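Only one chain is given next, in structure tokens, and it is the form deposited in one PDB entry.
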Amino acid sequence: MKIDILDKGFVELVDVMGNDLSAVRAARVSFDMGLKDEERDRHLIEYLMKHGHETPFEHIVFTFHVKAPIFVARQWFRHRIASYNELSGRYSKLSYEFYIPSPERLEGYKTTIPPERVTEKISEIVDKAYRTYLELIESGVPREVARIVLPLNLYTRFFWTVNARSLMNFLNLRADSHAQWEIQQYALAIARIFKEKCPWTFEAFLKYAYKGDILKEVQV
């Protein structure tokens, strides 16, 4: 499962541990019980969600491989209850890959210049900065220092391991109109994968705990 986001980004599911039944089992232990039947365990997940019993969902875990603009990764990395490993700018020569907003991105705003022109000015800086970047490196300048001229729309990559509860906290904040449109798109891809792996939890989440808005109108 690899979903393309923006012009060169993506969200890819690397691994997963457990499913909806992992949470049912975890929660049953409190009552010294185990699993029962579909409509029973399905009903439990709904009960847990509607009453704020979040811990059982911590037993479901995902590992994603994500490609995204640094300005997006900076917001993303603010989520502390998860694990990260990202491409290093001091240890690797960075690739010429930047997020160039589509002209449609400015749709809904009165601008003095045409969207196409905006798109042009951004690319201009990008090409100029990257050119400066390579020149510095070829001149013997350390990579960790040369990359400081690169803009925030530069694409980075990282692995993200997070449990289902933290993932839902993530969705409440990023799968929402108040978050920047760009990370909203990534949150959609995360939600789609989460739905595929934990349908019962996802549904119960949208129905009883989700606090954002976009997931109620969009599909998957």
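We call the rigid core whatever largest set of C-alpha positions still superposes within 1.5 Å between the two forms. Numbering starts at 1 and follows the sequence shown. Only residues modelled in both forms are compared.
- Compared with other entries of the same protein, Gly34 falls in the group left without coordinates by at least a third of them, where both flanks are modelled.
- For the two regions 210-218 and 3-11, the entry's Cα B-factors average higher over 210-218.
- Mean C-alpha B-factor is higher over 34-42 than over the other stretch, the pair under comparison being 34-42 and 163-171.
- The top Cα temperature factor in the record, among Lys50, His59, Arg157, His178, falls on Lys50.
- Note on the listed residues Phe98, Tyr109, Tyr84, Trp76: the highest Cα temperature factor in the record is that of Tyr109.
- Sort the modelled residues of the chain by CA B factor and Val141 lands in the middle third.
- For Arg117, the recorded CA temperature factor ranks within the highest third of the chain's modelled residues.
- Ranked by Cα temperature factor within the chain, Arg192 sits in the middle third according to the deposited record.
- Annotation for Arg80: C-alpha temperature factor in the lowest third relative to the rest of the modelled chain, per the entry.
- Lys128: CA B factor in the middle third of modelled residues in this chain (values from the PDB entry).
If you look for the form deposited in another entry, you will not find it shown, but the lines that follow are about it.
- The residue that stands out in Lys128, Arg74, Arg90, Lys121 is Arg90, the single one whose Cα moves by 2 angstroms or more between this form and the one not shown on a rigid core fit.
- Cα-Cα spacing of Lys93 to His65 is reduced in that other deposited form versus the present form (difference of at least 3 Å).
- The pair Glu124 and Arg90 is looser in that other deposited form: their Cα-Cα distance rises by no less than 3 Å compared with this form.
- 29-32, 89-96 are the runs of three or more consecutive shared residues whose C-alphas all shift by 2 Å or more between this form and the one not shown after the rigid core is superposed.
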